[PDB]
Amino acid sequence: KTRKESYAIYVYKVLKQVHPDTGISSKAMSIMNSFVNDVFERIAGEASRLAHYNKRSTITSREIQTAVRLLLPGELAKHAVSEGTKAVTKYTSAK
Amino acid sequence: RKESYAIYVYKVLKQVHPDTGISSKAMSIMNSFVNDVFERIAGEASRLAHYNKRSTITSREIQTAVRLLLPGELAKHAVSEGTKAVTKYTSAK
Amino acid sequence: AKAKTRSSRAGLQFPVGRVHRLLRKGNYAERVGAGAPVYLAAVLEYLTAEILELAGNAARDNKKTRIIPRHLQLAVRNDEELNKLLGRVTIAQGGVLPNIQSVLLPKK
Amino acid sequence: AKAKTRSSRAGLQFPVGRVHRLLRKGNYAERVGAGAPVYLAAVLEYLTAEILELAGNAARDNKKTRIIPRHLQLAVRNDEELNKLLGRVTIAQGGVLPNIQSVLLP
Amino acid sequence: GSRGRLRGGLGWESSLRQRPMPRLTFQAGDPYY
Amino acid sequence: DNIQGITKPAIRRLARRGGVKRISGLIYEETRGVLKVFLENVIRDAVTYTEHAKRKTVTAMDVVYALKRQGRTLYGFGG
Amino acid sequence: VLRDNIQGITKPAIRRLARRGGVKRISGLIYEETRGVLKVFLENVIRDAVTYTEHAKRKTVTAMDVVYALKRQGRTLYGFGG
Amino acid sequence: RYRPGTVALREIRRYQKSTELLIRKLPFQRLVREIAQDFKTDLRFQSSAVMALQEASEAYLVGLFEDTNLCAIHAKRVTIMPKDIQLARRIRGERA
Amino acid sequence: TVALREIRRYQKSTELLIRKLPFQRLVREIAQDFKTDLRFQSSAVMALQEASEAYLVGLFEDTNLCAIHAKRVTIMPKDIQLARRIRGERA
DNA sequence: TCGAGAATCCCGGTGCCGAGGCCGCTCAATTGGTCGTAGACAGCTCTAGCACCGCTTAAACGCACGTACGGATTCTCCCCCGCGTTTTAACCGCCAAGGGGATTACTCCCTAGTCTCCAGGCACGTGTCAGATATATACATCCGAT
DNA sequence: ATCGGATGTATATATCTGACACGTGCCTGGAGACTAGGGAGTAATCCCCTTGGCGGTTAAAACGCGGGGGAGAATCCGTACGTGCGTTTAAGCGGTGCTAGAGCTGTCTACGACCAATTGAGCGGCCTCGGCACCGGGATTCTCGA
């Protein structure tokens, strides 16, 4: 009986956005949780190495963008860059 | 100023082969090898420390990382060398 | 006070604050900017939406209304780029794609 | 007086203070112990000595008194432990090992 | 453009790629004589 | 024994899932040898991870980490 | 500005590369395959190197960019720094 | 009586459609325990640990058999032999 | 005979086997296709060459193994494609 | 080409157990304000990357000849597949004991920070000798004629 | 199996040059000495989940038999590749000149760490109903001998 966190509720929100009449089992959600953790770690590690190569001490959106370009294959990378840029632009104009 | 492991490699070379020199390209190769192994071992030790929810890297993490990375007899001999160094270091001061 | 989440400002579904905390505690750099968690959360949400859309199509093809790991394997392995991203990853209880070499199959 | 290095107490040639600095500044963990740089430096020096004496033997069999990258390649690729450790590493100006498959020989 | 049809006021149609590439399989001993 | 519990019909089924049509008679010994080598390689790392944590029980996460460090990431047991 | 430079990788050079690999007899179709394979490999590595260069807001590609690009893909190279 | 090779194709399709585990659980568990006996004596295993090991082993063997099949077909045969496994493991990067 | 002599001669040495200037031109062309108005350090082109010859030599060794498996002495494109598929570069 | 017949697909009925909501409630994320330094930016210098010209000579290219290797065909025999019988051990339900894994509260000692000081390890010069190249010679090796 | 004998290989010595190895400043990074606080070792307790046993069922494994088709050899044909020679081309070396642009230094602000107060988002526990599994009967569909 100790708090342990996971990405379940957010994955379910996205799923209701994409397919409004579909469910998911427990093991599939476990797979999805592991997938999100793995990708997060890859991107963050690449950004860390990028910052250390260029002698910086800050991880910015620029580092994440370059790491996303390095990691994902072509068309996925293009669309992911579009999504991230759109989100940052929308966030920085809102209070 | 740019630092490297050149003089230490030269000292070890004079230890094992008293009458042998080394060219500059081979010294660059050796420097790259030392840096590569350093990064590998330190990263594995960091992962071990993060798995068990600790905040310190001790000689025990380094020993386990060495046993995970190096194959076969190299792991055994390296463990012996490192243990000897640590006990000698704690003996003096 | 607590007025508005950051994910509501960015128009996302993933947690910006949790991603910021995870970045700040993971030993990645000395300091972490303000737009890094937003950008990262947007990317993660995009990838999740892609996989879930393909898997939902695969599940609907089989007269089912609930996704199981077999549908995830079918979705991932039938796409060039996703199969390249997960090329060294095993999905438990997933099986394989049906394929038989053409030489083995009888002709006419 | 009062200037004995940490490597001198450990009985090593590789530098312990420098390795401690690199561990501290490399963002590996929040804290670093006391025997970790010592133990790491000892392991690194051991590996260096191993590879260097193999390379020196390769150099004397070629009747040369200097070590060139070809000698390092020949030393590494002939030993199975080092060939496992460095299995996915390219050494510049090293060439290959002279091997011809037996079905090709006359 | 018919992949995903909801994301807030927008949809998931303009975001997801519309023509993903199918994965091609290597065939040995091509029966092409 | 205990490597003879990997019976011939089981190896035959594993070959069928991989798309094989005809199996020579000497395949089963090779398969048993390969499987034993793979298992030793993984279990050594799992036990190393166990001993570092001062435990006497091998958990799922030791297996997951041992597989991950050999480039064989596995999804499903990670939580 | 430049074109058909892939034909600058001549047939004798491919023969020499095959000989260092231990090949005793070569077909006549190997040369086109080798050119295609080399072009693909070069495209991947150069794309990574240019990404690394353009992150640092430079205009010349350095040796460290190539070294990092090779390291990222599992082709670690010794002898040019790193 | 079906002609030789037909039931083989039926079994190929059937086992490529399903997702279950093909090795008996209890003998695999005994084999894992005996192998682990060498590295450290008197060990204990969580059940999910043994299940994870089984999943990894099945996946590895199936992929190896796919590469073996390609090697066998390349030599103008349909029967797989130990030397195909050896070539696949050597090129894949494991024999040497 | 001369083939075996060439094998021994080129396996004993360590020089590069492709002329430098055509390789430099090809590298510049591809980088042009990625980004315009780029410059290169000379050691960058040298590193690219070293890696490329290493890759091609290892690939030819795998191809030779594949050809010998099929009871031939001539290497063919099918052998290269099989080796690249088993290596995991293709699928 | 065509019917036995064996395997596969579709419809309807029954039940159970896990996915999806609901509800407390704590603890992590949000607000608001302070402070110190990490990058952004501007200017300056000087290195090294790019362009051109000339000459030489070794590598690339085209062509001819012939042989040896890849492929196709045919024959034999043996070993792997399909199927029926008999044996065995895996799976399942139930029960029972206890060894370690979690969790908590205490205590101390090992590791950041902070000054101060001094010596080790980079840059910069400089000399000499190992290795490359030339030149001529001796010995293995491979191919043809027996 | 045994000779010419022509070719390519491993044998000296001469000379010459540039790279390696060592010697001198100096300056900045590491060692000495000391203080403060929290991370980690340690004992104690709870209880969960791992190991072990027993009896019955029945599905899987093991064994034998017959036959066919696939691996392997042996033979023959022709065409693509290797070897060698003469002709054409472009790489490589040496030198000259000209800027882009990398690399460094000095200022200054805007941006992120940090701390205290506040509160709602997300997690654990409890229920319930419907999606999926299983079973039985009936039309389709695919093999295969004749």
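All of the numbers you see were taken from the coordinates with simple rules; none came from a lab. Positions of Cβ are backbone-derived with ideal geometry, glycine not excepted, and every protein chain shown enters the neighbour counts.
Here are some notes:
- Helix D:69-78 vs. chain D, principal-axis angle (Cα, 0 to 90°, nearest 10): 80
- Net charge of Cβ neighbours under 11 Å - reference I:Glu61; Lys, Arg +1; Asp, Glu -1: +1
- Multiplying each eigenvalue of the alpha-carbon gyration tensor of the protein assembly as shown by 5 and taking the square root yields semi-axes of 39, 36, 31 Å, largest first, rounded to whole angstroms.
- Nearby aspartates and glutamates by direct alpha-carbon distance to A:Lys86 (threshold 16 angstrom, same-chain neighbours under 8 apart not counted): C:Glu45, E:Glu13
- Annotation for I:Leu4 and A:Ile9: the two label points, set 7 Å from Cα along the Cα-Cβ direction, are 7.6 nm apart.
- Packing around the peptides A:24-30, D:48-54, F:60-66, taken as the average count of other Cβ atoms within 10 Å per residue, puts them in this order, highest first: F:60-66, D:48-54, A:24-30.
- When you work out D = kT/(6 pi eta Rh) for region C:5-90 at 4 °C and 1.567 mPa s, using the Kirkwood radius from C-alpha pairs as Rh and the Stokes-Einstein form, the result is 87 µm²/s.
- Per-residue Karplus couplings for region G:32-44, computed as 6.51 cos²θ - 1.76 cosθ + 1.60 with θ equal to phi - 60°, are listed in order as 5, 4, 5, 5, x, 5, 5, 4, 5, 4, 5, 4, 4 Hz, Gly and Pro entered as x.
- Dipole-positive endmost among C:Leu105, C:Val32, C:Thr90 within chain C (Cβ charges, Cα centre): C:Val32
- Net charge dipole size for the protein assembly as shown [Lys, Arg +1 and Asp, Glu -1 on Cβ; Debye, nearest 20]: 920
- Cα-based helix-to-principal-axis angle, I:42-69 vs chain I, degrees rounded to 10: 20
- Over 19 Å between alpha carbons, listed pairs A:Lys13/A:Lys95; A:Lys78/C:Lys84; G:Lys24/I:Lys78; B:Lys14/I:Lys12: A:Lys13/A:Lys95; B:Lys14/I:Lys12
- A simple packing score, the average count of other Cβ atoms within 10 Å per residue, orders the peptides B:58-71, E:17-30 as B:58-71, E:17-30, with the highest score first.
- Its Cα centre serving as origin, chain A has a Cβ charge dipole (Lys and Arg +1, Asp and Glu -1) of approximately 360 debye.
- Degrees separating the helix B:73-91 axis from the principal Cα axis of chain B, which is the longest one: 80
- Kirkwood Rh and Cα Rg combined as Rg over Rh, evaluated for chain B: 1.03
- Cβ charges +1 (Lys, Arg) and -1 (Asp, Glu), total dipole of chain F, debye: 380
- Burial ordering of D:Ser8, G:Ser27, fewest other beta-carbon atoms within 10 Å first: D:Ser8, G:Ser27
- Ascending count of other beta-carbon atoms within 10 Å, so fewest first, for I:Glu29, D:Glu80: D:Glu80, I:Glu29
- Take each residue of peptide E:19-25, count the partner chain Cβ atoms within 10 Å of its Cβ, and average: the result is 6.
- For region A:51-93 versus region C:72-108, the gap between their alpha-carbon centres in whole angstrom: 31
- Summing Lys and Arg as +1 and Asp and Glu as -1 over all other residues whose Cβ lies under 15 Å from the Cβ of I:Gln32 gives a net charge of +2.
- Placing pseudo-labels 7 Å out from each Cα toward the beta carbon at I:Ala70 and G:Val1 gives an inter-label distance of 4.2 nm.
- In this simple spin-label model, placing a label point 7 Å from the Cα along the Cα-to-Cβ direction at both E:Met21 and I:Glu15 gives a separation of 4.0 nm.
- For region I:9-16, Karplus couplings with θ = phi - 60° (6.51, -1.76, 1.60), whole Hz, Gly/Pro x: 4, 7, 7, 7, 9, 9, 6, 7
- Taking the charge dipole of region A:3-83 about its Cα centre, with +1 at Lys and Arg Cβ atoms and -1 at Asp and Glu Cβ atoms, the residue from A:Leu76, A:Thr22, A:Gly45 reaching farthest to the positive side is A:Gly45.
- In terms of other Cβ atoms within 10 Å, C:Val96, G:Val67 run from fewest to most in the order C:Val96, G:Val67.
- Couplings 3J(HN,Hα) of region C:38-52, computed from phi: 4, 5, 5, 5, 4, 5, 4, 5, 4, 5, 4, 4, 4, 5, 5 Hz, in residue order, whole Hz [Karplus 6.51 cos²θ - 1.76 cosθ + 1.60, θ = phi - 60°; x for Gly and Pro].
- Greater than 28 Å apart at Cα, pairs in B:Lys76/F:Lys8; A:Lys16/C:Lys25; A:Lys55/G:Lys71; B:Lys25/F:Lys68; A:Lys27/H:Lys17: B:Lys76/F:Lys8; A:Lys16/C:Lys25; B:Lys25/F:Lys68
- Neighbouring partner chain Cβ atoms per residue of F:35-43, average, 10 Å criterion: 5
- Peptide-level mean, for C:54-66, of C-beta atoms on other protein chains within 10 Å: 3
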